[PDB]
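I have placed the structure first, in the form of structure tokens, so that the comments after it can refer back to it.
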Amino acid sequence: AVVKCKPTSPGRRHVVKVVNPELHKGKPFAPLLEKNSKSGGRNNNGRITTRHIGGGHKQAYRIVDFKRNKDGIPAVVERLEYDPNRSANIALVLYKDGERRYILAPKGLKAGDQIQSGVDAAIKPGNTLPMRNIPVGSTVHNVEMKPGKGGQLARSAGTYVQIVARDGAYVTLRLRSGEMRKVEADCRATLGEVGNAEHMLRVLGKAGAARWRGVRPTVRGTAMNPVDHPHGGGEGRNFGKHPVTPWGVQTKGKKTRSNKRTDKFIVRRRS
Amino acid sequence: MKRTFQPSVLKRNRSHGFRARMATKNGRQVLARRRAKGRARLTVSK
Amino acid sequence: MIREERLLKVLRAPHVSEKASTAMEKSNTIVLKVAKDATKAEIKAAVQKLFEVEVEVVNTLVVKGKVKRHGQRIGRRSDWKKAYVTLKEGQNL
RNA sequence: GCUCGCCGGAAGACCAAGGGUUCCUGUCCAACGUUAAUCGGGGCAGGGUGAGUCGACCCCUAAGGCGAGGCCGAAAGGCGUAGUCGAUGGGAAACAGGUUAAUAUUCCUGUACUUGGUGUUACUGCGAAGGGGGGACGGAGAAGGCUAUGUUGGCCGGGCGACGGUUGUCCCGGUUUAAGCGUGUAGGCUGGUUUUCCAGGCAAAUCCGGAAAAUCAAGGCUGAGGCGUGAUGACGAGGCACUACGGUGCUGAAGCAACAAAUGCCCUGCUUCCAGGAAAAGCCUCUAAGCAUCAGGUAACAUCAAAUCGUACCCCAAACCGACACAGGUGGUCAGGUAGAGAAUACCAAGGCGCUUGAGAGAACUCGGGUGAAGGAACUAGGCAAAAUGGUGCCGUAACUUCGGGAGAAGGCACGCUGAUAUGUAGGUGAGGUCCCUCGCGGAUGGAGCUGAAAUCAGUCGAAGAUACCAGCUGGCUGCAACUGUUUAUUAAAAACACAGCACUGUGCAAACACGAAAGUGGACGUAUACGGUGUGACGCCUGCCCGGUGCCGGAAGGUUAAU
RNA sequence: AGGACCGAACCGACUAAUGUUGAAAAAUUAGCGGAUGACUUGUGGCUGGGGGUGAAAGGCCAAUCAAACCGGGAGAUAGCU
Ligand SMILES: [Mg+2]
Ligand SMILES: [Mg+2]
Ligand SMILES: [Mg+2]
Ligand SMILES: [Mg+2]
Ligand SMILES: [Mg+2]
Ligand SMILES: [Mg+2]
Ligand SMILES: [Mg+2]
Ligand SMILES: [Mg+2]
Ligand SMILES: [Mg+2]
Ligand SMILES: [Mg+2]
Ligand SMILES: [Mg+2]
Ligand SMILES: [Mg+2]
Ligand SMILES: [Mg+2]
Ligand SMILES: [Mg+2]
Ligand SMILES: [Mg+2]
Ligand SMILES: [Mg+2]
Ligand SMILES: [Mg+2]
Ligand SMILES: [Mg+2]
Ligand SMILES: [Mg+2]
Ligand SMILES: [Mg+2]
Ligand SMILES: [Mg+2]
Ligand SMILES: [Mg+2]
Ligand SMILES: [Mg+2]
Ligand SMILES: [Mg+2]
Ligand SMILES: [Mg+2]
Ligand SMILES: [Mg+2]
Ligand SMILES: [Mg+2]
Ligand SMILES: [Mg+2]
Ligand SMILES: [Mg+2]
Ligand SMILES: [Mg+2]
Ligand SMILES: [Mg+2]
Ligand SMILES: [Mg+2]
Ligand SMILES: [Mg+2]
Ligand SMILES: [Mg+2]
Ligand SMILES: [Mg+2]
Ligand SMILES: [Mg+2]
Ligand SMILES: [Mg+2]
Ligand SMILES: [Mg+2]
Ligand SMILES: [Mg+2]
Ligand SMILES: [Mg+2]
Ligand SMILES: [Mg+2]
Ligand SMILES: [Mg+2]
Ligand SMILES: [Mg+2]
Ligand SMILES: [Mg+2]
Ligand SMILES: [Mg+2]
Ligand SMILES: [Mg+2]
Ligand SMILES: [Mg+2]
Ligand SMILES: [Mg+2]
Ligand SMILES: [Mg+2]
């Protein structure tokens, strides 16, 4: 559900809130948590290497089954949980033989379903299997990129890939981003679309909001002094630059990708 | 009003103490000089 | 533990004072300067032998020697263990 | 010594950090002390810090640090694996009273408790660096039950009033008692036990997880306080003797109830929400290598052990940071009486103080204040500064609006005391007595006593009853910024920055980007509903035309063109 | 419920006067803003000088900052006083 908040107070009047009743209440399943410590965006040289990252809420990490290896063994959806560390919700699944696991909650997953993996597995929302055994045309999420390495593509709320060609030993995915890239067909992948999809109807509605998600403020270069940012100073609102990174590199359109090493695999660049 | 020197033994010995000087080339060198100039107190101690 | 050598070396001197005195009256306790490195045990042991009396319990503390700076250049008095030795009840020397 | 005044959510009392003898006594007065000083945080000498259970060491880990071998780097050196360090967090146990000139939960008295070694005895599967439990975790809000505490009555000791009255419905004081042990209440959570079987818990498992049945429903886990004991005790006014008049010894009454009541406790609870809320050991259990008449394991008793180092004193300051005995700064704990919403504020209590030159004068002028005829912004850059408003409850309140607001708009009305309803009302509280019963810290009945607003009527005093302190001035027009936030420590708090929102633009993950000769690492344990760069700045209504210039994207046939 | 309202603590720093060889190398007094949050604060850690950090003022990095402090090249050079 997607809710408007009443204007009982400015900075709460523009709040649009995504509240979901099918989500477990209370702490996750402890056995699957680790520590995760915040980083201010600083690396092992103590230097800020990525701007704007500080504070806001504390976060436990939940171990998520990106790989999906327990083939042949069914499991059922104990329940649906929120996860502070990503936009997708998640499924607490009980495997027949006792072992438990988290997985990315896909579009329609309800409590008490039966997901499964392996070179067989019923082609149904929730199930994992190699793509050489997935019908071209299918739409699939959490897509492995090397066989075995585990999910890397389409892991985010609302997203999915669509297989649009087999052929060869590789398939050819339509990436959420418009791109089309070949990818060896033994790379596993999941039936369905990744779940939470009204994610992108939230509005925050107030500055804090963003803070308490670890985001610190963004200072326009045109608000800095020449010394600081290539976008210079002013003297009653001036710019006159050719838009750039803080570090003399160009935005408004210069291309950055440079791999060669992985050019082979890309078949159509996004548009 | 709040001035710049706010003591703290724990921090002191960590920042300049004998052992910290010993940790490294250029702290061993602080000590080294101080010994050459014949200092009474190499560092600050118990 | 004996190391009778030690037990002889561990009792240094009696210690005199109001407190020390009233402490002998009221509490059948006796107060000694004892090696800095001595343990309550070592203190009990040697007191038993050397002073043939029965020791019920031993308390210690370390006295910090005062400081007396005489113009620019200063000086400090060294540090010693003070020893409260209680005497069981069979009370003698 | 007797007054007087000041603080009393502090100007008291405690901790911690920092200080390092400032502590206590004797003695001294040069210099230090904004004055004298016989005094002192000054000189000099002496005394003073006592712990199994307060703290630190110790065990555990956080961020972070170091780091065999290792990866990388002209040398220096940077990273980092196993490990090892690092509390600001987890981890065993003590209380009340007494005593010193100065230490005390440490010494004494009394009464406890913790975990180990040794033994004895009875009884048993014990056994990790491993598994599982657990330790183990946010915010907000709610209201019940409690205690700390206090009020009054009672009880006990004392009192009969410097001046009219005070043998009583009078006055004053006190009325305090711990840990521990026992009990398992208010209340919270969860159904239990047996058997069988299993792809999980790196091997193993009796444990955890999962699947089956069978069976009984009452079982367990947690848990403040009360009560009992501890206590034959301690403390307790006051007496009674001595007194170097400083004190010491001796003895010692009552020691209850009702009512009010935290912000403390039950509560690591409950309810609820999005931002979704440390780790590791101790601890319980489970087995592995193992050991099997041993060792161990469990329990009673008995016994030995618990080291070392801190402990004086200052504590929101004369001892700490401020060159000063400096109107500054400095985290945490304790919260009495009356009035009060209150931790505000005024006055007291306990406790601590009158701030280390005083004495007179009673000019100008300065500073800080009180009142002011008539006038009332005429002042002035500007109502700067003043003056004024100021509580509660009810009545009532416009434009405009994003329907929340505006709004405490504006403006009215009441306010003290006494009596009556009602010799104290509604409410709260709740004892005897009665009956029950799984009889308990139980239920129902019952209403004594206790406490107790608000209201209307009437009467009454003053110039005035939100009487002091304390405590909104209101309204109309209009610029800019949506808004709360941020900022020039020390002349700029704003219309500047940020901001939710929008847009462009890059980015397929070994991402772009960034710190890095590099290794390594942030980005991210993320993956295009994501992440970066840039500009715009809620929202409503909108966002037109120009690609010549400059930038950028695409292109390629020619032309020109490097090393070679 | 809320970057909700009023208002102590706490955080701040809008106005005036005082002070200006100060009580003080930025404060006192009376008024003022926030005061459940982008709040406030203890303890310890990390980032280092053409480097940091910066809700951006050239702000802050130990009474300082359009390039900290210390030592060194060092008796820099000074057609200037
Ligand atoms: Mg932005
Ligand atoms: Mg921006
Ligand atoms: Mg600027
Ligand atoms: Mg530049
Ligand atoms: Mg201009
Ligand atoms: Mg003892
Ligand atoms: Mg000791
Ligand atoms: Mg004080
Ligand atoms: Mg001295
Ligand atoms: Mg003098
Ligand atoms: Mg003194
Ligand atoms: Mg002295
Ligand atoms: Mg090495
Ligand atoms: Mg290292
Ligand atoms: Mg350690
Ligand atoms: Mg600690
Ligand atoms: Mg004392
Ligand atoms: Mg035994
Ligand atoms: Mg474990
Ligand atoms: Mg009570
Ligand atoms: Mg009379
Ligand atoms: Mg003390
Ligand atoms: Mg003074
Ligand atoms: Mg002072
Ligand atoms: Mg007050
Ligand atoms: Mg005086
Ligand atoms: Mg004075
Ligand atoms: Mg006046
Ligand atoms: Mg007048
Ligand atoms: Mg008049
Ligand atoms: Mg008038
Ligand atoms: Mg004029
Ligand atoms: Mg005029
Ligand atoms: Mg004014
Ligand atoms: Mg006024
Ligand atoms: Mg009345
Ligand atoms: Mg105008
Ligand atoms: Mg603004
Ligand atoms: Mg300024
Ligand atoms: Mg200002
Ligand atoms: Mg973005
Ligand atoms: Mg702008
Ligand atoms: Mg608010
Ligand atoms: Mg306020
Ligand atoms: Mg003020
Ligand atoms: Mg400065
Ligand atoms: Mg330069
Ligand atoms: Mg030279
Ligand atoms: Mg020169």
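Here, A, B, ... name the chains of the structure tokens in the order displayed, residue numbers run from 1 inside each chain, and ligands are numbered from 1 in the same displayed order.
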**OP:** Could you give me, as a PyMOL selection string, the residues within 12 Å of residue E:51, counting only C-alpha atoms (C1' of nucleotides) and dropping anything in the same chain fewer than 4 positions from it?
**Re:** (chain A and resi 47) or (chain E and resi 47+61+67-68)
Counting only C-alpha atoms (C1' of nucleotides) and all ligand atoms, which residues of chain E fall within 10 Å of ligand 45, and what is the closest atom pair for each with its distance in Å at one decimal, ordered by chain and rising number, as JSON lines?
{"residue": "E:13", "atom": "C1'", "partner": "ligand 45", "partner_atom_place_in_ligand_line": "1 (Mg)", "distance": 8.7}
{"residue": "E:28", "atom": "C1'", "partner": "ligand 45", "partner_atom_place_in_ligand_line": "1 (Mg)", "distance": 9.0}
{"residue": "E:29", "atom": "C1'", "partner": "ligand 45", "partner_atom_place_in_ligand_line": "1 (Mg)", "distance": 7.6}
{"residue": "E:30", "atom": "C1'", "partner": "ligand 45", "partner_atom_place_in_ligand_line": "1 (Mg)", "distance": 7.5}
{"residue": "E:31", "atom": "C1'", "partner": "ligand 45", "partner_atom_place_in_ligand_line": "1 (Mg)", "distance": 7.8}
{"residue": "E:32", "atom": "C1'", "partner": "ligand 45", "partner_atom_place_in_ligand_line": "1 (Mg)", "distance": 7.9}
Generate a file of the selected residues that holds N, CA, C and O atoms (P, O5', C5', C4', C3', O3' and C1' of nucleotides), formatted as a PDB file, in the first residue's frame.
ATOM      1  P     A E  13      26.148  29.938  18.072  1.00  0.00           P
ATOM      2  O5'   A E  13      25.281  31.246  18.158  1.00  0.00           O
ATOM      3  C5'   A E  13      24.317  31.527  17.171  1.00  0.00           C
ATOM      4  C4'   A E  13      23.535  32.720  17.599  1.00  0.00           C
ATOM      5  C3'   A E  13      24.348  33.991  17.635  1.00  0.00           C
ATOM      6  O3'   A E  13      23.453  35.062  17.487  1.00  0.00           O
ATOM      7  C1'   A E  13      23.742  33.425  19.822  1.00  0.00           C
ATOM      8  P     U E  28      29.074  34.993  30.464  1.00  0.00           P
ATOM      9  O5'   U E  28      29.269  36.366  31.258  1.00  0.00           O
ATOM     10  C5'   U E  28      29.007  36.457  32.640  1.00  0.00           C
ATOM     11  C4'   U E  28      28.713  37.870  33.070  1.00  0.00           C
ATOM     12  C3'   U E  28      27.257  38.290  33.117  1.00  0.00           C
ATOM     13  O3'   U E  28      26.566  37.820  34.242  1.00  0.00           O
ATOM     14  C1'   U E  28      28.532  39.998  32.154  1.00  0.00           C
ATOM     15  P     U E  29      25.233  37.008  33.974  1.00  0.00           P
ATOM     16  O5'   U E  29      24.100  38.121  33.914  1.00  0.00           O
ATOM     17  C5'   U E  29      24.009  39.086  34.931  1.00  0.00           C
ATOM     18  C4'   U E  29      23.344  40.338  34.443  1.00  0.00           C
ATOM     19  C3'   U E  29      22.028  40.152  33.726  1.00  0.00           C
ATOM     20  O3'   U E  29      20.956  39.868  34.592  1.00  0.00           O
ATOM     21  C1'   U E  29      23.331  41.721  32.557  1.00  0.00           C
ATOM     22  P     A E  30      19.932  38.722  34.178  1.00  0.00           P
ATOM     23  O5'   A E  30      18.901  39.490  33.276  1.00  0.00           O
ATOM     24  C5'   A E  30      18.048  40.455  33.846  1.00  0.00           C
ATOM     25  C4'   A E  30      17.611  41.417  32.791  1.00  0.00           C
ATOM     26  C3'   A E  30      16.729  40.848  31.698  1.00  0.00           C
ATOM     27  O3'   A E  30      15.389  40.703  32.115  1.00  0.00           O
ATOM     28  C1'   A E  30      18.407  42.159  30.726  1.00  0.00           C
ATOM     29  P     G E  31      14.622  39.300  31.990  1.00  0.00           P
ATOM     30  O5'   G E  31      13.791  39.476  30.659  1.00  0.00           O
ATOM     31  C5'   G E  31      14.196  38.804  29.493  1.00  0.00           C
ATOM     32  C4'   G E  31      13.956  39.670  28.303  1.00  0.00           C
ATOM     33  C3'   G E  31      13.823  38.920  26.995  1.00  0.00           C
ATOM     34  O3'   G E  31      12.524  38.403  26.800  1.00  0.00           O
ATOM     35  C1'   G E  31      15.442  40.566  26.738  1.00  0.00           C
ATOM     36  P     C E  32      12.294  36.984  26.087  1.00  0.00           P
ATOM     37  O5'   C E  32      13.242  37.041  24.821  1.00  0.00           O
ATOM     38  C5'   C E  32      12.676  37.088  23.528  1.00  0.00           C
ATOM     39  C4'   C E  32      13.715  36.846  22.470  1.00  0.00           C
ATOM     40  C3'   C E  32      13.855  35.420  21.998  1.00  0.00           C
ATOM     41  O3'   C E  32      12.829  35.061  21.114  1.00  0.00           O
ATOM     42  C1'   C E  32      15.979  36.323  22.336  1.00  0.00           C
TER      43        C E  32
END
Original post:
Which residues, written as a list in words, have at least one atom at most 12 Å from stretch 8-15 of chain B, with only C-alpha atoms (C1' of nucleotides) counted and residues fewer than 5 positions away on the same chain left out?
Top reply: residues 20, 21, 22, 23, 27, 43, 44, 45 and 46 of chain B; 17, 18, 19, 65, 86, 320 and 321 of chain D; 43, 44 and 45 of chain E
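Taking only C-alpha atoms (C1' of nucleotides) and all ligand atoms into account, the residues that come within 8 Å of ligand 28 are residues 370, 371 and 387 of chain D.
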Original post:
Quick one: DSSP helix (DSSP H, G or I) residues in stretch 16-93 of chain C, as a VMD selection string?
Top reply: chain C and resid 18 to 27 40 to 50
**OP:** Give the residues close to ligand 20, within 12 Å, counting only C-alpha atoms (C1' of nucleotides) and all ligand atoms; write them as an MDAnalysis selection string.
**Re:** chainID D and resid 146:151 225:226 258:262
Original post:
Counting only C-alpha atoms (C1' of nucleotides), what is within 9 Å of residue A:13, bar same-chain residues fewer than 3 positions away, as an MDAnalysis selection string?
Top reply: (chainID A and resid 4:10 16 205:206) or (chainID D and resid 402 404)
What does the list of residues within 10 Å of ligand 27 look like if you count only C-alpha atoms (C1' of nucleotides) and all ligand atoms, written as a PDB file with N, CA, C and O atoms (P, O5', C5', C4', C3', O3' and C1' of nucleotides), in the first residue's frame?
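File part_8.pdb, as written:
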ATOM      1  P     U D  34      44.771  37.283  47.219  1.00  0.00           P
ATOM      2  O5'   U D  34      45.272  38.698  46.652  1.00  0.00           O
ATOM      3  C5'   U D  34      44.905  39.937  47.275  1.00  0.00           C
ATOM      4  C4'   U D  34      45.978  40.997  47.114  1.00  0.00           C
ATOM      5  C3'   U D  34      45.805  42.260  47.970  1.00  0.00           C
ATOM      6  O3'   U D  34      47.083  42.820  48.307  1.00  0.00           O
ATOM      7  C1'   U D  34      45.836  42.858  45.698  1.00  0.00           C
ATOM      8  P     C D 355      33.289  38.337  52.341  1.00  0.00           P
ATOM      9  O5'   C D 355      34.121  37.967  51.037  1.00  0.00           O
ATOM     10  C5'   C D 355      34.667  36.675  50.888  1.00  0.00           C
ATOM     11  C4'   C D 355      34.386  36.130  49.521  1.00  0.00           C
ATOM     12  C3'   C D 355      34.945  36.934  48.382  1.00  0.00           C
ATOM     13  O3'   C D 355      36.309  36.632  48.149  1.00  0.00           O
ATOM     14  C1'   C D 355      32.720  36.280  47.916  1.00  0.00           C
ATOM     15  P     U D 356      37.399  37.797  48.298  1.00  0.00           P
ATOM     16  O5'   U D 356      37.802  37.778  49.833  1.00  0.00           O
ATOM     17  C5'   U D 356      37.522  38.897  50.663  1.00  0.00           C
ATOM     18  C4'   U D 356      38.779  39.655  50.963  1.00  0.00           C
ATOM     19  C3'   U D 356      39.754  39.745  49.791  1.00  0.00           C
ATOM     20  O3'   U D 356      40.331  41.025  49.732  1.00  0.00           O
ATOM     21  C1'   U D 356      40.842  38.853  51.665  1.00  0.00           C
ATOM     22  P     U D 357      39.928  41.971  48.531  1.00  0.00           P
ATOM     23  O5'   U D 357      40.304  43.417  49.067  1.00  0.00           O
ATOM     24  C5'   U D 357      39.449  44.032  50.020  1.00  0.00           C
ATOM     25  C4'   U D 357      40.199  44.544  51.214  1.00  0.00           C
ATOM     26  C3'   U D 357      39.424  45.459  52.144  1.00  0.00           C
ATOM     27  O3'   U D 357      38.621  44.775  53.075  1.00  0.00           O
ATOM     28  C1'   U D 357      41.479  46.446  51.653  1.00  0.00           C
TER      29        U D 357
END
Subject >> Surrounding residues of residue C:4 excluding itself and chain neighbours under 3 positions, 10 Å, only C-alpha atoms (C1' of nucleotides), as a list in words >> reply: residues 1, 7, 8, 9, 10, 45, 46 and 49 of chain C
Export of the given selection (C-alpha atoms) as an mmCIF file, in the first residue's frame:
data_model
loop_
_atom_site.group_PDB
_atom_site.id
_atom_site.type_symbol
_atom_site.label_atom_id
_atom_site.label_comp_id
_atom_site.auth_asym_id
_atom_site.auth_seq_id
_atom_site.Cartn_x
_atom_site.Cartn_y
_atom_site.Cartn_z
ATOM 1 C CA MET C 1 58.446 -19.724 50.578
ATOM 2 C CA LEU C 7 61.969 -13.902 55.748
ATOM 3 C CA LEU C 8 64.887 -12.164 57.438
ATOM 4 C CA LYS C 9 65.070 -9.585 54.615
ATOM 5 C CA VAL C 10 61.321 -8.852 54.636
ATOM 6 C CA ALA C 45 55.415 -15.913 57.700
ATOM 7 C CA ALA C 46 58.423 -13.957 58.946
ATOM 8 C CA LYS C 49 58.987 -17.047 63.023
#
Original post:
Would you list which chain D residues are within 12 Å of chain C using only C-alpha atoms (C1' of nucleotides), as a list in words?
Top reply: residues 20, 21, 25, 43, 44, 45, 46, 47, 48, 49, 50, 51, 99, 100, 101, 102, 103, 106, 107, 108, 305, 307, 308, 309, 310, 311 and 312 of chain D
Subject >> Surroundings of ligand 39 up to 10 Å, based on only C-alpha atoms (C1' of nucleotides) and all ligand atoms, as a PyMOL selection string >> reply: (chain D and resi 487-493) or (chain E and resi 57)
For the selection just defined, write its residues with C-alpha atoms (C1' of nucleotides) to a file, as a PDB file, in the first residue's frame.
ATOM      1  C1'   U D 487      26.670  29.092   8.398  1.00  0.00           C
ATOM      2  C1'   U D 488      31.265  33.246   8.737  1.00  0.00           C
ATOM      3  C1'   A D 489      34.597  30.034  17.019  1.00  0.00           C
ATOM      4  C1'   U D 490      36.017  36.282  17.651  1.00  0.00           C
ATOM      5  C1'   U D 491      31.931  42.949  14.000  1.00  0.00           C
ATOM      6  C1'   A D 492      27.931  39.275   8.530  1.00  0.00           C
ATOM      7  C1'   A D 493      22.327  34.278  11.070  1.00  0.00           C
TER       8        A D 493
ATOM      9  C1'   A E  57      32.005  31.209   5.218  1.00  0.00           C
TER      10        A E  57
END
Can you pull out the residues contacting residue D:68? Cut-off 12 Å, using only C-alpha atoms (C1' of nucleotides), and skip same-chain residues under 3 positions away; I want them as a PDB file with C-alpha atoms (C1' of nucleotides), in the first residue's frame.
ATOM      1  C1'   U D  81      46.196 -13.700   6.802  1.00  0.00           C
ATOM      2  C1'   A D  82      46.356 -16.593  11.243  1.00  0.00           C
ATOM      3  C1'   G D  83      46.815 -14.283  15.601  1.00  0.00           C
ATOM      4  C1'   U D  84      47.219 -10.278  19.105  1.00  0.00           C
TER       5        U D  84
END
**OP:** Could I get the residue neighbourhood of ligand 5 at 9 Å, counting only C-alpha atoms (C1' of nucleotides) and all ligand atoms, as an MDAnalysis selection string?
**Re:** chainID A and resid 234:238
Could the residues in this selection be saved with C-alpha atoms as a PDB file, in the first residue's frame?
ATOM      1  CA  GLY A 234      30.455  33.873  -8.660  1.00  0.00           C
ATOM      2  CA  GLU A 235      29.852  37.521  -7.769  1.00  0.00           C
ATOM      3  CA  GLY A 236      26.030  37.720  -7.795  1.00  0.00           C
ATOM      4  CA  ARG A 237      25.296  34.255  -9.259  1.00  0.00           C
ATOM      5  CA  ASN A 238      27.798  33.237 -11.958  1.00  0.00           C
TER       6      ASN A 238
END
Subject >> Contact residues (chain B, partner chain E, 10 Å, only C-alpha atoms (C1' of nucleotides)) as a ChimeraX atom specification >> reply: /B:1,3-6,10-11
Selected residues, C-alpha atoms, written as a PDB file, in the first residue's frame, please.
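Heads up, here's the output in again_14.pdb:
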ATOM      1  CA  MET B   1      35.977  29.556  28.454  1.00  0.00           C
ATOM      2  CA  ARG B   3      40.518  26.452  26.127  1.00  0.00           C
ATOM      3  CA  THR B   4      42.558  24.127  23.906  1.00  0.00           C
ATOM      4  CA  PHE B   5      44.305  22.001  26.539  1.00  0.00           C
ATOM      5  CA  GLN B   6      42.095  19.353  27.980  1.00  0.00           C
ATOM      6  CA  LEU B  10      45.413   7.898  28.263  1.00  0.00           C
ATOM      7  CA  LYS B  11      45.588  10.052  25.122  1.00  0.00           C
TER       8      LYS B  11
END
